[PDB]
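Architecture and fold: a report
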Amino acid sequence: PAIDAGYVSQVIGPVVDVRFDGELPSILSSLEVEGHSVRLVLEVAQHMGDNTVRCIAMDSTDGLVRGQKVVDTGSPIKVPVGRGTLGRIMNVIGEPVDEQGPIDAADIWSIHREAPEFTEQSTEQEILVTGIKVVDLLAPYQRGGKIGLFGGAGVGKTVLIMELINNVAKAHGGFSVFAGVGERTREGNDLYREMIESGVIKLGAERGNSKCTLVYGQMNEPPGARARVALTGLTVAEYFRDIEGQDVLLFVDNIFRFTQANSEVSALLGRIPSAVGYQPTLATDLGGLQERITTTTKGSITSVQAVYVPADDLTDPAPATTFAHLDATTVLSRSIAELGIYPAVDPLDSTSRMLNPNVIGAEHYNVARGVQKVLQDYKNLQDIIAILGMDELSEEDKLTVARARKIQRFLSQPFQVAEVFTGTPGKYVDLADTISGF
Amino acid sequence: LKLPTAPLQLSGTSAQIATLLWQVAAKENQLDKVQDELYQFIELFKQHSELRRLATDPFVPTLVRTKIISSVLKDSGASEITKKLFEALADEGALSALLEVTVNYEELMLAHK
Amino acid sequence: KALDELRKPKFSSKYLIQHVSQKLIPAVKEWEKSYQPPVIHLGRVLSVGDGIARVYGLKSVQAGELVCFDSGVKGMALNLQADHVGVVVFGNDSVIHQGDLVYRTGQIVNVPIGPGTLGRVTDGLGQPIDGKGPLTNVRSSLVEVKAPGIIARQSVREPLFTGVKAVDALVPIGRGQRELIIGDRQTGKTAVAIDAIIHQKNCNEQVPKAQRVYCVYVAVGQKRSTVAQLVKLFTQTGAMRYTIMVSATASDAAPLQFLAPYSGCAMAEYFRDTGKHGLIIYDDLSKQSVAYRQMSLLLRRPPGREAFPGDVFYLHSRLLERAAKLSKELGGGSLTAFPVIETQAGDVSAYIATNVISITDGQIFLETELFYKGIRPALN
Amino acid sequence: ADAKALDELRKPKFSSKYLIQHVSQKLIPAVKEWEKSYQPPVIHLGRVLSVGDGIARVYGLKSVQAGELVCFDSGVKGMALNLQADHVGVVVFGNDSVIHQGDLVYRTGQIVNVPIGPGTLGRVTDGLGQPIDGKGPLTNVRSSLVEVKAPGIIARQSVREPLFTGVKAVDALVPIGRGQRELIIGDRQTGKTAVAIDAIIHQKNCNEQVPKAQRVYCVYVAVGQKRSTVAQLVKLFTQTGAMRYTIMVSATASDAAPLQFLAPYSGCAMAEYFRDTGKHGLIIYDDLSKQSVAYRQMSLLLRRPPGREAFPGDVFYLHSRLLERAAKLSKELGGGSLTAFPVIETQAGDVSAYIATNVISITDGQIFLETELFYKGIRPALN
Ligand SMILES: Nc1ncnc2c1ncn2[C@@H]1O[C@H](COP(=O)(O)OP(=O)(O)OP(=O)(O)O)[C@@H](O)[C@H]1O
Ligand SMILES: Nc1ncnc2c1ncn2[C@@H]1O[C@H](COP(=O)(O)OP(=O)(O)OP(=O)(O)O)[C@@H](O)[C@H]1O
Ligand SMILES: Nc1ncnc2c1ncn2[C@@H]1O[C@H](COP(=O)(O)OP(=O)(O)O)[C@@H](O)[C@H]1O
Ligand SMILES: [Mg+2]
Ligand SMILES: [Mg+2]
Ligand SMILES: [Mg+2]
């Protein structure tokens, strides 16, 4: 009984070192600290040598003494997966935090996997209409692709991702998963009460007819919890994709908090910092997580992730690494939002792999490239109109300015989730009504 | 609380161990009895490949190494200053510092005479 | 031949001489008369400097535990290491020496909370500075409490009237909200925050008992004269009856300014957890982050953007998530936060400014151009 | 503390034997009482001291070479990068979750090598040569080192054959050569890969037209990309028929950092088979800006001191020794060629970036792709 029990060697914030006398746990293995005030789960991150492992705590470390017994579970963090997680809120370690009792698990799956292999990749570029004019025209969304919403703290990435829940999750036949990673706990209670009245989440005996699983690791949690709750959110979505064969929706409200919480622990893991202050393993931590969210041959995950740009800097290394992992990026702009245009999508910064004439048809493609042509031509005149006014332009360029000032109002659209604070009702626009309107 | 003054001031982290070893053995009047015990253990590292393995091999655990030494250093007429120093270096893996505690003890001893 | 591997040594534990000197002074036959260095619940300072004391021993100390030095100045066990304890000091480090005795108090860092904190001016650690005696009708609770979860909260339904016309009409604020007051220096940031505290004194005399709002004003990095001129304002108005005043001024230590928002939030979380309604104001939210940047760089942690640490988002996200409107099975009490962020030249794309914007619910942008055109309050 | 009296201490000066005569008969029964916890001593094998973040510090391994393939007992490969006095820093070719402290490390004897030959022609391999396309192992192939030095002055000749790309913005304004290294540089989603894919597709149209020796064998190196983008690209190369002449090396974003670092060298060694045998190669190092980030991760975790944007100091030599292997050989060496298309992604058009200005100074030409010309209808967005 003395073996298979390590003692806490040293505590540096969220990083705990545990010395195992007999046998060391594997890397990514989960541990349990005896006698804490809450259930403190440590996950082994590094073997430091001299029989010590280096771990990241999933809860707060305040109250840890350097002799405390730590038990090895012999496995990574295992969370409940299956249809019994539908309509339930789980935290990072799979505990139910919705006060509805224990989770009726079909299985207990580890949160750590390899990405699905090269032979298990699907090449099926089918469009997913969202009812949003700037999304359906200029950067259309793939039905089984990765989707990024890049935003700068107050530009409307959460109102856009709630409108995507309002538009495409009701029309979807599969199961939704919401991974709330490092966001406001008020928004996690707002989404829970909105999904209960909408019948997306049912409580009690009707729980089996729920279509959404909430996983919440919000910004009141320590950085160890916010660094692994995205991995918990994939594991529920990976079960419906692999085992159930379903088409899964995965909404990850701010995936940047996965990268930011890995930088808060990397200062205490004894690493030399990379560029601006992030960890040296930025591309392989994000690349290890983002490559598990794919459409395979036995299931599709349509993932919509919000990405926070830290100081409205798109050249920051955490948004810049995320740009290569996506099929459709929707870069939202702070300066578009100051004009009052909502959603504040930059039309000359949002791209998609679906905007190809052999995929969406040559009639839809030629309109989007014509909208981007006169919006770029209006941007080329932006300083001549500033320092000299519109009276100095040509009569063929004042037609370019007036048309581009019209379509950038026509890319604006009222949302069904913004009707509470704007008063105007929401508008769902069909795809053919957008191509004909533009 | 009061310790005798060392005859000369020396360097760090292996000369202040020998400085502390000199100030403790002067309180016991045991200087030349703990000086030759240093050269005795040096001969013990030249002989055995299993006693210099505790000084150099990083895979010998810290609970094995302090229980090889303290089960070898039962009383045997050895000094209590030696039997309490070499288990403090064994508890921290500093048995390879014995070759510079000895040199800095030689310079403390000839400055004493 | 066999001694070539020992000609230069290899060891960890930079404080190597401290463990040897705890094993050689008992080998002296005279110093076995209980000449023992206390190491279980006591400790000796190894190094001290720029607000960080390294302490040998303290083998039974907890992480985050409030320890006390023999000088009387208290500290916090921050880094528990294999051979020492890193302690951040909650006062001036000039009264701490090498070899000073450090005592653990037995508990995590706590402030006195309760009804005895109303009317009292307080430093960032709990002890009163207004010179009216100790806190009487009070009890100690932790400054570092995990925020209430998803089920513990409910939707913000009841309004918190600020008393400002441009606020209560245009930027309406409910009980349980976090509203940022952001703008340049001298644009009316406090003019909005202290009109809210004064207006709660007028409203508390007309609403029933369970609808009153108790205010807490945390002053981080302010002048001590402007704190003293504000207590005179709250006394001549009568707002001090419902107001707690926490103040870590510009001369106070950087761990005291780091902890004064968390100290004042725990004093404000007494009213939230008991069904009453609280109103917490962190004047100059950026200041606290500058004081936390000072502690992080003096702990030699790797700086990030604008030399801030990586957990400077978690500095403010952990603090502001504790302002919540609780559910009906938790008393139904609320806590309303007003963090204040000072911007430079109206730049709101800064690191700490965009941090708190992505934490709080709304913002009150106070423009510097309208403030000098006579439009006061200069609400953008 | 000087080494003169310290090496004098090698000579015996004990002058008494009341411990040397006592503990010598007491040590071997004391060692044998704790021999259950003794791991066996290691000399020419290795043993893991510490493992973490893809770096194993390995005790032992006395006779390993620098840059040598080592193999842990769990089957995962490694590479001895910095040989230090007491340990060996090993970068792990895969997941380091299967490596523990105390695992035996085995020296394989060989410097890192990949399979080269005609058997790779048509396969999708990883950053070390193992095929990931699910079509069995590589047959009709042989092993060659990934760190061959570039051909010198006397081995080369002047670049005279065209190698058209099929893009008339390129082939009229910025003409490529047969042994020329031409950079495709631009921002994100400006058509960098497009210019390189249209080059590979155009060689399939030309290889069914030229007499058997002007045929160009393409190699696409996909560094740091996601795995579904690579599968979207084999589907394009198979439905066109360009996969008959194309090798694809793909160390994706989920792979380890020493696999993405080594995949431009793994793909260049496969493309050097055609250069060294009288044929003509065409290599595309897509996201060479992502190899430098993978190389930065290894060196920062091997605790090498950082430089500009925390990159290593020798990150110029990372790309200069890679691209100089793309040459046009002389008639006494077969006359074969190898032309490189490295791809560098800039941030907001900042050409003055650190990795961007290195590869501009290494490569012959540049193909600048601007994001503001891209939205004016000019596709390809050639500046
Ligand atoms: N509504 C108002 N009408 C008139 N004067 C006002 C009003 N609001 C604020 N002021 C005045 O404007 C000045 C700004 O002081 P205040 O403390 O409100 O600004 P601040 O943004 O907190 O400045 P600092 O950065 O120095 O803390 C004061 O002289 C104050 O009395
Ligand atoms: N000549 C062209 N005509 C039309 N569309 C083009 C052309 N070249 C590229 N595109 C389109 O531009 C987009 C970006 O092209 P590409 O994938 O080559 O860019 P990239 O710089 O590699 O982007 P990323 O940074 O995402 O890898 C795609 O939608 C592609 O189809
Ligand atoms: N679709 C929209 N319609 C109207 N206003 C919007 C819209 N999206 C965002 N906004 C405005 O911008 C703010 C951004 O809020 P939110 O989306 O929660 O921020 P963040 O992008 O930081 O998550 C809203 O409070 C609102 O004032
Ligand atoms: Mg948000
Ligand atoms: Mg003020
Ligand atoms: Mg590309």
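About the cut-offs
- Residues numbered from 1 in each chain as written, not as in the entry; some residues may be left out.
- Chains lettered and ligands numbered in written order.
- Part of a larger assembly, values for the part shown.
- Heavy atoms only, no water.
- Axes fitted to C-alpha atoms, helices over the stretch in contact; angles between N-to-C directions.
- Helix = DSSP H or I, 4+ residues; strand = E, 2+ residues; numbered from the N terminus.
- Left-handed = near helix turned anticlockwise from the far one by under 90°.
- Contact = heavy atoms within 4.5 Å.
- Nonpolar A, V, L, I, M, F, W, Y, C, P; charged D, E, K, R; others polar.
- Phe/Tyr/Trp six-rings, centres within 6.5 Å; stacked < 30°, edge-to-face > 60°.
- Buried < 20%, exposed > 50% of the residue type's maximum accessible area, 1.4 Å probe, protein only.
- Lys NZ or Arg CZ within 6 Å of the ring centre and 35° of its normal.
- Pairing = 2+ DSSP bridges.
- Polar contact = N/O pair within 3.5 Å; in protein donor to acceptor, adjacent residues only side chain to side chain.
- Near = heavy atom within 4 Å.
- Areas by Shrake-Rupley, 256 points an atom, 1.4 Å probe, with all protein chains shown as cover.
- Buried area = accessible area lost by both parts, 1.4 Å probe.

- The record lists cryo-EM as the method behind this PDB entry and 2.9 Å as its resolution.

Notes on the packing of helix α10 (residues 362-380) of chain A against helix α12 (residues 398-410) of chain A
Residue and element names in this part refer to chain A.
- Packing of α10 against α12 brings their axes to within 9 Å, and their N-to-C directions diverge by 115°. The chirality of how α10 crosses α12 is left-handed. Here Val371, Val374, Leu375, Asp377 and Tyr378 of α10 lie close against α12, whose contacting residues are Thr400, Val401, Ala404, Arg405, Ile407 and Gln408.
- Of the residues belonging to the contact of α10 with α12, the class tally is seven nonpolar, two polar and two charged.

Notes on the packing of aromatic side chains
- Here the structure, examined in full by the defined rule, presents 26 aromatic pairs over all chains.
- Where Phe256 of chain A meets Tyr308 of chain A, the ring centres are 5.3 Å apart and the plane angle is 70°; that geometry is what we call edge-to-face. Within this pair, whereas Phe256 of chain A is found in helix α5 (residues 256-266), its partner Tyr308 of chain A is found in strand β16 (residues 300-308), the two being separated by 52 residues in sequence. For the pair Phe256 of chain A and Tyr308 of chain A, one class covers both residues: buried.
- Relative to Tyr295 of chain D, the ring of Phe261 of chain D has its centre 5.2 Å away and its plane inclined at 20°; by these criteria the two rings are stacked. With a gap of 34 residues between them, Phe261 of chain D in helix α6 (residues 257-275) and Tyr295 of chain D in helix α7 (residues 291-301) connect regions that are remote in the sequence. By the burial criterion, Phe261 of chain D is buried, and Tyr295 of chain D matches it.
- Put simply, the rings of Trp109, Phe175, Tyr239 and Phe240 of chain A pair up and form one aromatic cluster.
- Directly above the ring of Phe313 of chain C sits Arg257 of chain A, whose terminal nitrogen or CZ lies 3.9 Å from the centroid.
- Taking the ring centre of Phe371 of chain C as reference, the NZ or CZ of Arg376 of chain C above it sits at 3.9 Å.

With respect to the pairing of strand β15 (residues 365-369) of chain D
All names here are of chain D.
- Of the two faces of β15, the one holding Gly365, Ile367 and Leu369 is buried and the one holding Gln366 and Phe368 is not buried anywhere.
- One ladder, built from five bridges, connects strand β10 (residues 182-186) with β15; its direction is parallel. Bridge pairing in β15 links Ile184 to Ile367.

Description of the side chain of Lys83 of chain B
- Counting through the fold element by element, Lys83 of chain B comes out in helix α5 (residues 80-91).
- For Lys83 of chain B, the side chain forms a polar contact with the main-chain oxygen of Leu73 of chain B, separated by 2.7 Å.

Some thoughts on the site of ligand 1
All names here are of chain C.
- Taken together, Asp184, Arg185, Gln186, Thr187, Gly188, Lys189, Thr190, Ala191, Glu342, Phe371, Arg376 and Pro377 make up the full set of residues adjacent to ligand 1.
- Contacts to ligand 1 include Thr187, whose backbone N or O atom sits 3.2 Å from an oxygen atom.
- Taken by itself ligand 1 offers 630 Å² of open surface, and the protein chains cover 53% of this.
- Here the element with the most residues in the shell around ligand 1 is helix α3 (residues 189-204); it accounts for three residues.

Describing the sheet that holds strand β13 (residues 280-286) of chain D
All names here are of chain D.
- With parallel pairing, seven strands are arranged side by side in an open sheet as β8-β12-β11-β13-β14-β10-β15. Taken across any chain shown, the strands that pair with only one partner, and hence form the sheet edges, are β8 (124-125) and β15.
- Across six bridges, the pairing between strand β11 (residues 216-223) and strand β12 (residues 246-251) is parallel. Within β12, the residue paired with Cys218 across the bridge is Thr246.

Let's talk about the site of ligand 2
- As a matter of local geometry, ligand 2 sits amid 16 residues, with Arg353 of chain A together with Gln189, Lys192, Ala194 and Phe374 of chain D nearest to it.
- Chains contributing residues near ligand 2 are chains A and D.
- Contact distances for ligand 2 include 2.2 Å between an oxygen atom and a side-chain N or O atom of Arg353 of chain A.
- Measuring from an oxygen atom of ligand 2, one finds a side-chain N or O atom of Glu345 of chain D at 3.2 Å.
- Ranked by the residues each element gives to the shell around ligand 2, the list is headed by helix α4 (residues 192-207) of chain D, at three residues.
- Its residues assigned to classes, the shell around ligand 2 comprises five nonpolar, five polar and six charged.

Observations regarding the interface of chain A and chain C
- On the side of chain C, 50 residues touch chain A, which itself brings 47 residues to the contact.
- For the pair chain A and chain C, the two sides together bury roughly 3800 Å², of which 53% comes from carbon and sulfur.
- At the boundary of chain A with chain C, the tally comes to 19 residue pairs in polar contact.
- Secondary structure elements with two or more residues in the side of chain A that touches chain C: β1 (5-12), α3 (185-197), α4 (223-242) and α5 of chain A.
- With six residues, α3 of chain A is the single largest residue contributor to the side of chain A that touches chain C.
- Within the side of chain A that touches chain C, the residues separate by chemical class into 19 nonpolar, 12 polar and 16 charged.

Description of the environment of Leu128 of chain D
- Mapped onto the fold, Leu128 of chain D is located in the loop between β8 and β9 (142-145).
- The residues touching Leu128 of chain D, leaving out its near neighbours within four places in the chain, are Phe93, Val112, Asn113, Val114, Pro115, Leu259, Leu262 and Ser266 of chain D.

Looking at the pairing of β1 of chain A
- In terms of burial, β1 of chain A is largely enclosed, as seven of its eight residues are buried.
- Pairing geometry for β1 of chain A and strand β6 (residues 69-72) of chain A, over three bridges, is antiparallel. Residue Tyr7 of chain A lies in a different strand from β6 of chain A, and its bridge partner there is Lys69 of chain A.
- Looking at chain direction, β1 of chain A and strand β2 (residues 15-19) of chain A are connected through five bridges and run antiparallel. Across the sheet, residue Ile12 of chain A finds its bridge partner in β2 of chain A, namely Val15 of chain A.
- Turn length for the β1 of chain A-β2 of chain A hairpin, with the two strands adjacent in sequence and antiparallel, is two residues, and the turn residue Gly13 of chain A shows positive phi of about 65°.
- Across two bridges, β1 of chain A lies against strand β4 (residues 74-80) of chain C in antiparallel orientation. Bridge assignment links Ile12 of chain A to a residue of β4 of chain C, and that residue is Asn79 of chain C.

Examining the sheet that holds strand β11 (residues 213-220) of chain C
All names here are of chain C.
- Pairing is parallel across the open sheet formed by seven strands, whose spatial order is β8-β12-β11-β13-β14-β10-β15. The sheet is open, and its two borders are formed by β8 (121-122) and β15 (362-366), each paired with just one other strand.
- Here β11 pairs with strand β13 (residues 277-283) via seven bridges, running parallel. Among the inter-strand pairings, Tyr217 is bridged to a residue of β13, identified as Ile281.
- Sheet contacts for helix α5 (residues 254-272): β8, β11, β12 (243-248), β13 and β14 (334-342); angle to β11, the most-contacted strand, approximately 175°.

Points about the environment of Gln288 of chain C
Residues and elements named next belong to chain C.
- Counting through the fold element by element, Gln288 comes out in helix α6 (residues 285-298).
- Expressed as a C-alpha distance, the spacing of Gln288 and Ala219, which sit 69 residues apart in the sequence, is 9.6 Å.
- Apart from the residues lying within four places of it in its own chain, the contact partners of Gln288 are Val220, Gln257, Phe258, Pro261, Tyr262, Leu315, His316 and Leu319.
- From its side chain, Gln288 meets the backbone oxygen of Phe258 in a polar contact 2.9 Å long.

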